[PDB]
$ cat query-v2.cif   # mmCIF, C-alpha atoms
data_target
loop_
_atom_site.group_PDB
_atom_site.id
_atom_site.type_symbol
_atom_site.label_atom_id
_atom_site.label_comp_id
_atom_site.auth_asym_id
_atom_site.auth_seq_id
_atom_site.Cartn_x
_atom_site.Cartn_y
_atom_site.Cartn_z
ATOM 1 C CA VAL A 248 0.000 0.000 0.000
ATOM 2 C CA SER A 249 2.911 2.267 0.862
ATOM 3 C CA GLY A 250 4.367 1.502 -2.542
ATOM 4 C CA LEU A 251 1.170 2.408 -4.358
ATOM 5 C CA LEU A 252 1.131 5.635 -2.394
ATOM 6 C CA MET A 253 4.690 6.599 -3.275
ATOM 7 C CA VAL A 254 3.972 5.761 -6.900
ATOM 8 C CA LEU A 255 0.891 7.963 -6.707
ATOM 9 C CA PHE A 256 2.843 10.789 -5.082
ATOM 10 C CA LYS A 257 5.711 10.474 -7.514
ATOM 11 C CA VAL A 258 3.134 10.791 -10.300
ATOM 12 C CA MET A 259 1.215 13.615 -8.585
ATOM 13 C CA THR A 260 4.484 15.542 -8.431
ATOM 14 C CA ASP A 261 5.873 14.561 -11.875
ATOM 15 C CA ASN A 262 6.440 18.165 -12.911
ATOM 16 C CA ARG A 263 8.503 17.206 -15.948
ATOM 17 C CA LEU A 264 8.367 19.276 -19.093
ATOM 18 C CA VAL A 265 9.668 17.621 -22.242
ATOM 19 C CA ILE A 266 12.112 19.558 -24.432
ATOM 20 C CA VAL A 267 13.152 18.134 -27.790
ATOM 21 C CA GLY A 268 16.166 15.852 -27.441
ATOM 22 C CA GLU A 269 18.771 14.531 -29.829
ATOM 23 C CA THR A 270 16.824 13.557 -32.962
ATOM 24 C CA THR A 271 17.766 11.850 -36.251
ATOM 25 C CA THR A 272 16.187 12.666 -39.625
ATOM 26 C CA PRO A 273 17.297 9.677 -41.733
ATOM 27 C CA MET A 274 17.484 10.072 -45.505
ATOM 28 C CA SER A 275 14.412 8.094 -46.605
ATOM 29 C CA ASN A 276 16.101 5.773 -49.090
ATOM 30 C CA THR A 277 18.094 4.100 -46.313
ATOM 31 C CA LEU A 278 14.994 2.892 -44.460
ATOM 32 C CA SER A 279 13.265 -0.369 -45.286
ATOM 33 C CA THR A 280 9.798 0.547 -46.439
ATOM 34 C CA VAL A 281 8.092 -0.948 -43.394
ATOM 35 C CA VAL A 282 10.009 1.465 -41.156
ATOM 36 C CA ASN A 283 9.509 4.363 -43.536
ATOM 37 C CA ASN A 284 5.746 3.862 -43.311
ATOM 38 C CA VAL A 285 5.982 4.246 -39.553
ATOM 39 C CA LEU A 286 8.526 7.047 -39.230
ATOM 40 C CA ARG A 287 7.455 10.626 -39.714
ATOM 41 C CA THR A 288 10.543 12.613 -40.720
ATOM 42 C CA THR A 289 12.391 12.904 -37.393
ATOM 43 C CA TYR A 290 12.480 10.789 -34.229
ATOM 44 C CA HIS A 291 14.362 10.855 -30.915
ATOM 45 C CA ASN A 292 17.754 9.154 -30.928
ATOM 46 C CA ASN A 293 16.523 7.475 -27.792
ATOM 47 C CA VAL A 294 13.736 5.536 -29.457
ATOM 48 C CA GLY A 295 12.413 3.177 -26.845
ATOM 49 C CA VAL A 296 11.146 -0.322 -27.393
ATOM 50 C CA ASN A 297 7.807 -0.990 -29.064
ATOM 51 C CA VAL B 1137 11.120 -19.885 -59.280
ATOM 52 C CA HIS B 1138 11.452 -16.322 -60.543
ATOM 53 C CA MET B 1139 11.514 -14.740 -57.104
ATOM 54 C CA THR B 1140 11.365 -10.962 -56.911
ATOM 55 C CA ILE B 1141 12.825 -9.242 -53.856
ATOM 56 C CA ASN B 1142 11.522 -5.708 -53.526
ATOM 57 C CA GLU B 1143 13.363 -5.143 -50.243
ATOM 58 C CA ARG B 1144 16.002 -7.180 -48.387
ATOM 59 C CA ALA B 1145 15.669 -5.162 -45.193
ATOM 60 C CA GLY B 1146 14.456 -7.618 -42.546
ATOM 61 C CA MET B 1147 15.675 -10.763 -44.343
ATOM 62 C CA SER B 1148 17.628 -13.213 -42.195
ATOM 63 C CA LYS B 1149 21.100 -14.412 -43.091
ATOM 64 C CA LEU B 1150 19.703 -17.935 -43.055
ATOM 65 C CA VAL B 1151 17.043 -17.109 -45.582
ATOM 66 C CA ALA B 1152 19.491 -15.163 -47.732
ATOM 67 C CA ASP B 1153 22.046 -17.951 -47.814
ATOM 68 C CA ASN B 1154 19.154 -20.293 -48.539
ATOM 69 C CA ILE B 1155 17.796 -18.232 -51.413
ATOM 70 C CA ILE B 1156 21.288 -18.131 -52.882
ATOM 71 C CA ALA B 1157 21.491 -21.873 -52.414
ATOM 72 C CA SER B 1158 18.213 -22.188 -54.312
ATOM 73 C CA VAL B 1159 19.687 -20.025 -57.066
ATOM 74 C CA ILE B 1160 22.552 -22.476 -57.308
ATOM 75 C CA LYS B 1161 20.717 -25.775 -56.797
ATOM 76 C CA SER B 1162 17.063 -25.351 -57.725
ATOM 77 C CA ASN B 1163 18.155 -22.823 -60.378
ATOM 78 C CA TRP B 1164 16.095 -19.987 -58.976
ATOM 79 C CA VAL B 1165 16.227 -16.631 -60.730
ATOM 80 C CA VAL B 1166 16.222 -13.919 -58.048
ATOM 81 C CA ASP B 1167 15.741 -10.343 -59.175
ATOM 82 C CA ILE B 1168 16.589 -7.831 -56.406
ATOM 83 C CA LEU B 1169 15.091 -4.418 -56.973
ATOM 84 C CA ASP B 1170 16.402 -2.837 -53.747
ATOM 85 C CA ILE B 1171 19.904 -2.443 -55.092
ATOM 86 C CA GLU B 1172 21.175 0.779 -56.668
ATOM 87 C CA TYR B 1173 24.563 0.507 -58.341
ATOM 88 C CA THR B 1174 27.249 1.926 -60.602
ATOM 89 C CA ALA B 1175 28.871 -0.215 -63.280
ATOM 90 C CA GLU B 1176 32.437 0.193 -64.500
ATOM 91 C CA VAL B 1177 32.700 -1.820 -67.715
ATOM 92 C CA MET B 1178 35.912 -3.795 -67.600
ATOM 93 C CA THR B 1179 37.740 -5.094 -70.652
ATOM 94 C CA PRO B 1180 39.104 -8.614 -70.513
ATOM 95 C CA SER B 1181 42.763 -7.646 -69.997
ATOM 96 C CA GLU B 1182 41.984 -5.542 -66.899
ATOM 97 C CA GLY B 1183 40.074 -8.401 -65.298
ATOM 98 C CA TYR B 1184 37.762 -8.007 -62.331
ATOM 99 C CA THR B 1185 39.554 -5.687 -59.916
ATOM 100 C CA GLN B 1186 36.709 -5.658 -57.351
ATOM 101 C CA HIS B 1187 34.634 -8.497 -55.975
ATOM 102 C CA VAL B 1188 31.217 -9.060 -54.505
ATOM 103 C CA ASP B 1189 30.294 -12.155 -52.495
ATOM 104 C CA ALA B 1190 26.611 -13.134 -52.517
ATOM 105 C CA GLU B 1191 26.572 -12.491 -48.776
ATOM 106 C CA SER B 1192 27.405 -8.819 -49.308
ATOM 107 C CA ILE B 1193 24.792 -8.422 -52.040
ATOM 108 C CA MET B 1194 22.155 -9.823 -49.689
ATOM 109 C CA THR B 1195 23.299 -7.809 -46.671
ATOM 110 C CA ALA B 1196 24.505 -4.418 -47.931
ATOM 111 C CA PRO B 1197 22.567 -1.498 -46.426
ATOM 112 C CA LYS B 1198 19.859 0.082 -48.567
ATOM 113 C CA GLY B 1199 20.821 3.418 -50.062
ATOM 114 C CA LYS B 1200 24.477 2.519 -50.381
ATOM 115 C CA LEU B 1201 25.675 2.564 -53.984
ATOM 116 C CA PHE B 1202 27.036 -0.824 -54.966
ATOM 117 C CA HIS B 1203 29.867 -0.712 -57.464
ATOM 118 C CA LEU B 1204 29.545 -3.753 -59.697
ATOM 119 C CA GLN B 1205 31.937 -4.503 -62.586
ATOM 120 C CA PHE B 1206 30.955 -6.102 -65.930
ATOM 121 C CA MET B 1207 33.411 -7.471 -68.493
ATOM 122 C CA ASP B 1208 33.025 -6.770 -72.197
ATOM 123 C CA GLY B 1209 34.483 -10.010 -73.500
ATOM 124 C CA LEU B 1210 34.202 -9.011 -77.145
ATOM 125 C CA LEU B 1211 37.936 -8.263 -77.423
ATOM 126 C CA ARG B 1212 39.024 -11.722 -76.365
ATOM 127 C CA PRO B 1213 41.194 -13.356 -79.066
ATOM 128 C CA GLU B 1214 40.444 -16.991 -79.964
ATOM 129 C CA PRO B 1215 42.203 -19.686 -77.866
ATOM 130 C CA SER B 1216 45.286 -21.420 -79.228
ATOM 131 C CA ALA B 1217 44.325 -24.616 -81.051
ATOM 132 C CA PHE B 1218 46.713 -26.486 -78.794
ATOM 133 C CA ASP B 1219 45.608 -25.114 -75.416
ATOM 134 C CA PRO B 1220 44.380 -27.916 -73.116
ATOM 135 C CA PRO B 1221 40.596 -28.425 -72.905
ATOM 136 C CA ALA B 1222 38.750 -26.985 -69.911
ATOM 137 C CA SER B 1223 37.229 -29.810 -67.863
ATOM 138 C CA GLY B 1224 35.414 -27.276 -65.665
ATOM 139 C CA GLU B 1225 33.034 -24.384 -66.273
ATOM 140 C CA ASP B 1226 33.283 -20.632 -65.660
ATOM 141 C CA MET B 1227 30.104 -19.424 -63.889
ATOM 142 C CA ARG B 1228 28.346 -16.186 -63.002
ATOM 143 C CA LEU B 1229 25.705 -14.913 -60.573
ATOM 144 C CA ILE B 1230 25.312 -11.152 -60.920
ATOM 145 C CA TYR B 1231 23.483 -9.609 -63.858
ATOM 146 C CA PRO B 1232 22.016 -6.144 -64.533
ATOM 147 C CA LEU B 1233 18.229 -5.816 -64.975
ATOM 148 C CA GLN B 1234 18.643 -2.926 -67.432
ATOM 149 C CA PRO B 1235 21.032 -1.869 -70.197
ATOM 150 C CA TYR C 199 43.220 0.188 -82.900
ATOM 151 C CA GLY C 200 42.513 -2.173 -80.027
ATOM 152 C CA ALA C 201 40.316 0.284 -78.152
ATOM 153 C CA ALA C 202 37.886 -1.830 -76.168
ATOM 154 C CA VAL C 203 35.195 0.794 -75.604
ATOM 155 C CA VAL C 204 34.558 4.459 -76.154
ATOM 156 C CA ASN C 205 32.367 6.190 -73.559
ATOM 157 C CA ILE C 206 30.792 9.639 -73.242
ATOM 158 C CA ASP C 207 31.282 10.668 -69.630
ATOM 159 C CA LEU C 208 30.820 14.128 -68.152
ATOM 160 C CA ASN C 209 34.028 16.203 -68.365
ATOM 161 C CA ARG C 210 35.731 15.619 -65.034
ATOM 162 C CA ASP C 211 38.072 18.517 -65.847
ATOM 163 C CA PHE C 212 35.128 20.924 -66.059
ATOM 164 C CA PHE C 213 33.013 19.609 -63.200
ATOM 165 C CA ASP C 214 36.077 19.714 -61.003
ATOM 166 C CA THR C 215 36.653 18.732 -57.380
ATOM 167 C CA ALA C 216 36.194 22.484 -56.875
ATOM 168 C CA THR C 217 32.453 21.915 -57.371
ATOM 169 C CA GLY C 218 32.564 19.093 -54.840
ATOM 170 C CA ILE C 219 31.905 16.627 -57.667
ATOM 171 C CA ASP C 220 33.499 13.206 -58.041
ATOM 172 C CA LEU C 221 33.196 11.398 -61.341
ATOM 173 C CA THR C 222 35.409 8.332 -60.933
ATOM 174 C CA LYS C 223 32.385 6.057 -60.867
ATOM 175 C CA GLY C 224 30.534 7.044 -64.009
ATOM 176 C CA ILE C 225 27.964 9.180 -62.178
ATOM 177 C CA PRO C 226 28.373 12.661 -60.563
ATOM 178 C CA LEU C 227 28.605 12.536 -56.750
ATOM 179 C CA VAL C 228 28.564 15.221 -54.060
ATOM 180 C CA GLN C 229 28.992 14.610 -50.347
ATOM 181 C CA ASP C 230 27.147 16.369 -47.504
ATOM 182 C CA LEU C 231 24.491 17.945 -49.742
ATOM 183 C CA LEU C 232 21.379 15.814 -49.220
ATOM 184 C CA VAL C 233 22.069 14.250 -45.820
ATOM 185 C CA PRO C 234 20.467 12.817 -42.679
ATOM 186 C CA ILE C 235 20.309 15.251 -39.771
ATOM 187 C CA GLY C 236 21.715 14.290 -36.369
ATOM 188 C CA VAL C 237 23.905 11.504 -37.797
ATOM 189 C CA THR C 238 26.801 11.149 -40.214
ATOM 190 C CA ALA C 239 25.710 10.225 -43.723
ATOM 191 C CA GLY C 240 26.848 6.746 -44.676
ATOM 192 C CA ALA C 241 29.726 6.363 -47.108
ATOM 193 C CA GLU C 242 28.972 5.735 -50.795
ATOM 194 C CA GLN C 243 25.353 6.845 -50.310
ATOM 195 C CA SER C 244 23.134 6.779 -53.419
ATOM 196 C CA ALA C 245 21.722 10.188 -52.523
ATOM 197 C CA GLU C 246 25.135 11.590 -53.472
ATOM 198 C CA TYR C 247 24.221 10.962 -57.102
ATOM 199 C CA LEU D 150 7.963 33.709 -10.568
ATOM 200 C CA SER D 151 7.872 29.929 -10.049
ATOM 201 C CA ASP D 152 10.062 26.868 -10.555
ATOM 202 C CA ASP D 153 7.026 24.916 -11.680
ATOM 203 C CA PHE D 154 8.674 22.542 -14.168
ATOM 204 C CA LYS D 155 11.706 20.276 -14.376
ATOM 205 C CA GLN D 156 12.714 20.411 -18.059
ATOM 206 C CA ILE D 157 14.028 17.121 -19.493
ATOM 207 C CA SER D 158 14.796 15.796 -22.943
ATOM 208 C CA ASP D 159 14.202 12.089 -23.325
ATOM 209 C CA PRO D 160 11.372 11.289 -20.866
ATOM 210 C CA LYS D 161 11.112 7.929 -19.114
ATOM 211 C CA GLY D 162 7.784 6.131 -18.831
ATOM 212 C CA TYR D 163 6.021 4.941 -15.706
ATOM 213 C CA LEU D 164 5.759 1.569 -17.422
ATOM 214 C CA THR D 165 8.361 -0.431 -19.329
ATOM 215 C CA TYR D 166 8.711 -3.907 -20.856
ATOM 216 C CA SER D 167 10.625 -6.603 -18.988
ATOM 217 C CA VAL D 168 11.674 -9.844 -20.576
ATOM 218 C CA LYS D 169 13.039 -13.143 -19.372
ATOM 219 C CA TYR D 170 14.851 -15.070 -22.105
ATOM 220 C CA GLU D 171 15.302 -18.821 -22.360
ATOM 221 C CA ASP D 172 19.087 -18.950 -22.338
ATOM 222 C CA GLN D 173 19.086 -22.217 -24.291
ATOM 223 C CA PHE D 174 17.358 -20.605 -27.312
ATOM 224 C CA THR D 175 18.778 -17.079 -27.062
ATOM 225 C CA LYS D 176 21.900 -15.881 -28.867
ATOM 226 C CA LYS D 177 23.358 -13.439 -26.347
ATOM 227 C CA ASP D 178 25.196 -11.768 -29.235
ATOM 228 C CA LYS D 179 23.463 -8.587 -30.482
ATOM 229 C CA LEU D 180 21.265 -8.527 -33.574
ATOM 230 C CA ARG D 181 21.569 -5.736 -36.135
ATOM 231 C CA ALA D 182 20.389 -4.660 -39.588
ATOM 232 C CA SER D 183 21.513 -1.678 -41.637
ATOM 233 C CA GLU D 184 22.722 1.181 -39.469
ATOM 234 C CA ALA D 185 19.745 3.231 -40.609
ATOM 235 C CA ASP D 186 17.074 0.790 -39.487
ATOM 236 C CA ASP D 187 18.965 -0.541 -36.420
ATOM 237 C CA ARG D 188 18.947 3.052 -35.219
ATOM 238 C CA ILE D 189 15.195 2.723 -34.932
ATOM 239 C CA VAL D 190 14.125 -0.888 -34.971
ATOM 240 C CA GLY D 191 17.228 -1.828 -32.993
ATOM 241 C CA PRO D 192 16.476 -1.772 -29.259
ATOM 242 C CA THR D 193 13.043 -3.273 -29.926
ATOM 243 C CA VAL D 194 14.665 -6.080 -31.884
ATOM 244 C CA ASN D 195 17.115 -6.791 -29.066
ATOM 245 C CA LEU D 196 14.464 -6.745 -26.358
ATOM 246 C CA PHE D 197 12.105 -9.099 -28.150
ATOM 247 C CA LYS D 198 14.970 -11.150 -29.525
ATOM 248 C CA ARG E 940 -7.699 2.715 -66.608
ATOM 249 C CA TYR E 941 -5.718 5.964 -67.036
ATOM 250 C CA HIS E 942 -2.192 7.038 -67.855
ATOM 251 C CA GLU E 943 -0.338 9.297 -65.434
ATOM 252 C CA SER E 944 2.170 11.656 -67.092
ATOM 253 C CA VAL E 945 3.905 14.994 -66.566
ATOM 254 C CA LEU E 946 2.445 17.790 -68.683
ATOM 255 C CA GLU E 947 4.583 20.890 -69.197
ATOM 256 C CA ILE E 948 3.019 24.295 -68.520
ATOM 257 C CA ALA E 949 4.205 25.424 -71.946
ATOM 258 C CA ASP E 950 1.736 22.977 -73.509
ATOM 259 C CA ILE E 951 -1.121 24.737 -71.664
ATOM 260 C CA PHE E 952 -0.171 28.439 -71.729
ATOM 261 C CA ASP E 953 0.516 30.370 -74.924
ATOM 262 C CA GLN E 954 2.599 33.072 -73.207
ATOM 263 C CA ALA E 955 6.270 32.068 -73.183
ATOM 264 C CA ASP E 956 7.287 34.992 -70.954
ATOM 265 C CA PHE E 957 6.079 33.241 -67.775
ATOM 266 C CA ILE E 958 7.518 29.768 -68.445
ATOM 267 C CA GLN E 959 11.083 29.242 -67.213
ATOM 268 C CA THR E 960 11.466 25.448 -67.011
ATOM 269 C CA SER E 961 10.300 22.027 -68.269
ATOM 270 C CA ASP E 962 9.397 18.447 -67.288
ATOM 271 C CA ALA E 963 13.023 17.820 -66.415
ATOM 272 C CA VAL E 964 12.923 19.643 -63.079
ATOM 273 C CA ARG E 965 9.990 17.539 -61.939
ATOM 274 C CA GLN E 966 11.849 14.435 -63.034
ATOM 275 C CA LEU E 967 14.869 15.572 -61.017
ATOM 276 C CA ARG E 968 12.694 16.235 -57.964
ATOM 277 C CA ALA E 969 11.285 12.731 -58.445
ATOM 278 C CA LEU E 970 14.882 11.592 -58.044
ATOM 279 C CA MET E 971 15.172 13.420 -54.679
ATOM 280 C CA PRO E 972 14.282 12.029 -51.226
ATOM 281 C CA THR E 973 11.552 14.017 -49.493
ATOM 282 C CA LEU E 974 13.413 16.635 -47.466
ATOM 283 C CA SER E 975 12.647 17.889 -43.972
ATOM 284 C CA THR E 976 12.999 21.653 -43.809
ATOM 285 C CA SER E 977 16.321 21.456 -41.972
ATOM 286 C CA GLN E 978 17.648 19.166 -44.717
ATOM 287 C CA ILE E 979 16.659 21.805 -47.247
ATOM 288 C CA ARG E 980 18.523 24.419 -45.249
ATOM 289 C CA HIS E 981 21.470 22.089 -45.108
ATOM 290 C CA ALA E 982 21.443 21.658 -48.863
ATOM 291 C CA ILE E 983 21.342 25.392 -49.408
ATOM 292 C CA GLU E 984 24.213 25.977 -46.969
ATOM 293 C CA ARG E 985 26.180 23.247 -48.714
ATOM 294 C CA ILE E 986 25.760 24.670 -52.188
ATOM 295 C CA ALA E 987 26.700 28.025 -50.732
ATOM 296 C CA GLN E 988 29.860 26.624 -49.218
#
$ encode --input "query-v2.cif" --output "C-alpha cells"
Amino acid sequence: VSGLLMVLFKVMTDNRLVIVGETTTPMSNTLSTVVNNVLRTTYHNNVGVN
Amino acid sequence: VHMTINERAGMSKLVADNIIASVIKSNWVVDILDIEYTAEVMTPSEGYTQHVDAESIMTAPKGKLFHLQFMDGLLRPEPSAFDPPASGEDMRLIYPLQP
Amino acid sequence: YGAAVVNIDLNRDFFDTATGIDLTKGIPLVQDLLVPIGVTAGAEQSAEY
Amino acid sequence: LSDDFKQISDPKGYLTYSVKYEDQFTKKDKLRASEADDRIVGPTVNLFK
Amino acid sequence: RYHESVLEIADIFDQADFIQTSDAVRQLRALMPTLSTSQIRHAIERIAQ
C-alpha cells in the first residue's frame, strides 16, 4: 500500500516538461519501407522499445 | 522460381544464404530491386579488380551505392588450337536488370 | 586500334573537385548535400548521385 | 515567478517492458540490420529477440 | 484505366514569358528524397559553401 502511495505521489508531483532531445532525420532511401511507413521525418535518438 | 525481392531489409542471413542456395541448386532466378549501383565496364585484360560475395549483395545497407563490374568479352582473341581443354566451367551470378 | 570501348562521360576537368563533384564512378557525386540530420551520412550513399 | 517545471529531454515512462529469455534458445550476441534501421528498430529487436 | 504523365506548362499556356522550365525539373525532384525543412537548409548551406 505504501508503494502504491509513493507511486501515486511520484506521479502527482511529476512536474517534468519535455524539451526536444537529440533527434535523427534519416534520408528516406536508407529505411526499409516498413520502417519508412511508420517514421514521420524525425524521431528521438533514444527511441524506446515498441 | 522467378523470385522478386523488392526489399532485403528484414531478411535473415539464413534465408538469404538459402535463397542463394536455391539459385545455385534449384536454379532460382532472383531479381533484387532494392539495389542501386554503378557499373564500371571492364575489358578482358583488366580483369575483375573488385569483388562481390553473394553475402554482401544480400546484406549491404539500402541506399548505399554498390559498385559492380561487368566485363566486355568481345575483345578476347580466340584460344590457341593447342591449349588444353577446360574440364570445368566458368560461372556467373550477378546480372544487370537494365542496359 | 585495339580500343575496347569508347564512352561519353561528363568532363571531369570541367566539373572539377572544386564543385565538390566526383566522377570516378561514371555518375556525378557530391557529399554532404542531401544528408540525414543528427547523424553522419553513410559512405557511398546513393543520394550523393 | 515559479520553478514549476523540471525540463528534461528524453522522458522515461512509468511503465516499461521486462523480458526473461530462455538462455538455451537465445543468442546473447546482439542482432543488427543496416545502421539506418537498427537506429530505430534496434532496441526493440534486441528486447524481443 | 488511365495514364499518369507529366504535362509541361508550356503545352497549356501560350505566353512564353512566364515559363522558365520544363518536365526535367519535376523528373529531377522525383529523383530526390523528401526533405525535412532542416535538410533543405542544409542543402542550401552546402551549395553556398
$ closest_residue --input "query-v2.cif" --among "B:1165, B:1201, B:1157, B:1147" --to "residue 246 in chain C" --atoms "only C-alpha atoms"
B:1201
$ atom_distance --input "query-v2.cif" --atom1 "CA of residue 290 in chain A" --atom2 "CA of residue 1149 in chain B"
28.1 Å
$ atom_distance --input "query-v2.cif" --atom1 "CA of residue 1175 in chain B" --atom2 "CA of residue 1146 in chain B"
26.3 Å
$ resolve_selection --input "query-v2.cif" --expression "the PyMOL selection byres ((chain E) within 10 of (chain A))" --output "ChimeraX atom specification"
/E:971-978
$ resolve_selection --input "query-v2.cif" --expression "the PyMOL selection byres ((chain D) within 10 of (chain B))" --output "PDB file with C-alpha atoms, keeping the file's coordinate frame"
ATOM      1  CA  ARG D 181      21.569  -5.736 -36.135  1.00  0.00           C
ATOM      2  CA  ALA D 182      20.389  -4.660 -39.588  1.00  0.00           C
ATOM      3  CA  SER D 183      21.513  -1.678 -41.637  1.00  0.00           C
ATOM      4  CA  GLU D 184      22.722   1.181 -39.469  1.00  0.00           C
ATOM      5  CA  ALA D 185      19.745   3.231 -40.609  1.00  0.00           C
ATOM      6  CA  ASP D 186      17.074   0.790 -39.487  1.00  0.00           C
TER       7      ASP D 186
END
$ resolve_selection --input "query-v2.cif" --expression "the PyMOL selection byres ((chain C) within 7 of (chain E))" --output "JSON, numbers by chain"
{"C": [231, 232, 233, 235]}
$ closest_atom_pairs --input "query-v2.cif" --of "chain B" --to "chain C" --cutoff "10 Å" --atoms "only C-alpha atoms" --output "Markdown table"
| residue | atom | partner | partner_atom | distance |
| --- | --- | --- | --- | --- |
| B:1171 | CA | C:244 | CA | 9.9 |
| B:1172 | CA | C:244 | CA | 7.1 |
| B:1173 | CA | C:244 | CA | 8.1 |
| B:1174 | CA | C:223 | CA | 6.6 |
| B:1175 | CA | C:224 | CA | 7.5 |
| B:1176 | CA | C:223 | CA | 6.9 |
| B:1177 | CA | C:203 | CA | 8.7 |
| B:1178 | CA | C:202 | CA | 9.0 |
| B:1179 | CA | C:202 | CA | 6.4 |
| B:1180 | CA | C:202 | CA | 8.9 |
| B:1181 | CA | C:202 | CA | 9.8 |
| B:1197 | CA | C:240 | CA | 9.5 |
| B:1198 | CA | C:243 | CA | 8.9 |
| B:1199 | CA | C:244 | CA | 5.3 |
| B:1200 | CA | C:243 | CA | 4.4 |
| B:1201 | CA | C:244 | CA | 5.0 |
| B:1202 | CA | C:242 | CA | 8.0 |
| B:1203 | CA | C:223 | CA | 8.0 |
| B:1208 | CA | C:202 | CA | 8.0 |
| B:1209 | CA | C:202 | CA | 9.3 |
| B:1210 | CA | C:202 | CA | 8.1 |
| B:1211 | CA | C:202 | CA | 6.6 |
| B:1212 | CA | C:202 | CA | 10.0 |
$ write_last_selection --input "query-v2.cif" --atoms "C-alpha atoms" --output "short mmCIF file (atom, residue, chain, number, x, y, z; two decimals), in the frame of the given file"
data_model
loop_
_atom_site.label_atom_id
_atom_site.label_comp_id
_atom_site.auth_asym_id
_atom_site.auth_seq_id
_atom_site.Cartn_x
_atom_site.Cartn_y
_atom_site.Cartn_z
CA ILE B 1171 19.90 -2.44 -55.09
CA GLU B 1172 21.18 0.78 -56.67
CA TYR B 1173 24.56 0.51 -58.34
CA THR B 1174 27.25 1.93 -60.60
CA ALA B 1175 28.87 -0.22 -63.28
CA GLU B 1176 32.44 0.19 -64.50
CA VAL B 1177 32.70 -1.82 -67.72
CA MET B 1178 35.91 -3.80 -67.60
CA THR B 1179 37.74 -5.09 -70.65
CA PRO B 1180 39.10 -8.61 -70.51
CA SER B 1181 42.76 -7.65 -70.00
CA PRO B 1197 22.57 -1.50 -46.43
CA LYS B 1198 19.86 0.08 -48.57
CA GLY B 1199 20.82 3.42 -50.06
CA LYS B 1200 24.48 2.52 -50.38
CA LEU B 1201 25.68 2.56 -53.98
CA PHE B 1202 27.04 -0.82 -54.97
CA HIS B 1203 29.87 -0.71 -57.46
CA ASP B 1208 33.02 -6.77 -72.20
CA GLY B 1209 34.48 -10.01 -73.50
CA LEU B 1210 34.20 -9.01 -77.14
CA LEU B 1211 37.94 -8.26 -77.42
CA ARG B 1212 39.02 -11.72 -76.36
#
$ axis_aligned_box --input "query-v2.cif" --around "range 204-217 of chain C" --padding-each-side "6 Å" --output "AutoDock Vina command-line options"
--center_x 34.4 --center_y 13.5 --center_z -66.5 --size_x 19.3 --size_y 30.0 --size_z 31.3
$ residues_around --input "query-v2.cif" --residues "residue 961 in chain E" --least-positions-apart "2" --cutoff "9 Å" --atoms "only C-alpha atoms" --output "ChimeraX atom specification"
/E:946-949,958-959,963-965
$ closest_atom_pairs --input "query-v2.cif" --of "chain C" --to "chain D" --cutoff "10 Å" --atoms "all atoms listed in the file" --output "CSV"
residue,atom,partner,partner_atom,distance
C:234,CA,D:185,CA,9.8
C:237,CA,D:185,CA,9.7
C:239,CA,D:185,CA,9.7
C:240,CA,D:184,CA,8.7
$ interface_residues --input "query-v2.cif" --of "chain A" --to "chain D" --cutoff "8 Å" --atoms "all atoms listed in the file" --output "JSON, numbers by chain"
{"A": [262, 263, 264, 265, 266, 267, 268, 273, 277, 278, 279, 282, 291, 292, 293, 294, 295, 296, 297]}
$ write_last_selection --input "query-v2.cif" --atoms "C-alpha atoms" --output "short mmCIF file (atom, residue, chain, number, x, y, z; two decimals), keeping the file's coordinate frame"
data_model
loop_
_atom_site.label_atom_id
_atom_site.label_comp_id
_atom_site.auth_asym_id
_atom_site.auth_seq_id
_atom_site.Cartn_x
_atom_site.Cartn_y
_atom_site.Cartn_z
CA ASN A 262 6.44 18.16 -12.91
CA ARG A 263 8.50 17.21 -15.95
CA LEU A 264 8.37 19.28 -19.09
CA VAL A 265 9.67 17.62 -22.24
CA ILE A 266 12.11 19.56 -24.43
CA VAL A 267 13.15 18.13 -27.79
CA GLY A 268 16.17 15.85 -27.44
CA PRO A 273 17.30 9.68 -41.73
CA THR A 277 18.09 4.10 -46.31
CA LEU A 278 14.99 2.89 -44.46
CA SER A 279 13.26 -0.37 -45.29
CA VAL A 282 10.01 1.46 -41.16
CA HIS A 291 14.36 10.86 -30.92
CA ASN A 292 17.75 9.15 -30.93
CA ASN A 293 16.52 7.48 -27.79
CA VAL A 294 13.74 5.54 -29.46
CA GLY A 295 12.41 3.18 -26.84
CA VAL A 296 11.15 -0.32 -27.39
CA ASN A 297 7.81 -0.99 -29.06
#
$ residues_near_point --input "query-v2.cif" --point "(23.5, -3.0, -70.2)" --cutoff "10 Å" --atoms "all atoms listed in the file" --output "number ranges by chain"
B: 1175, 1177, 1206, 1231-1235
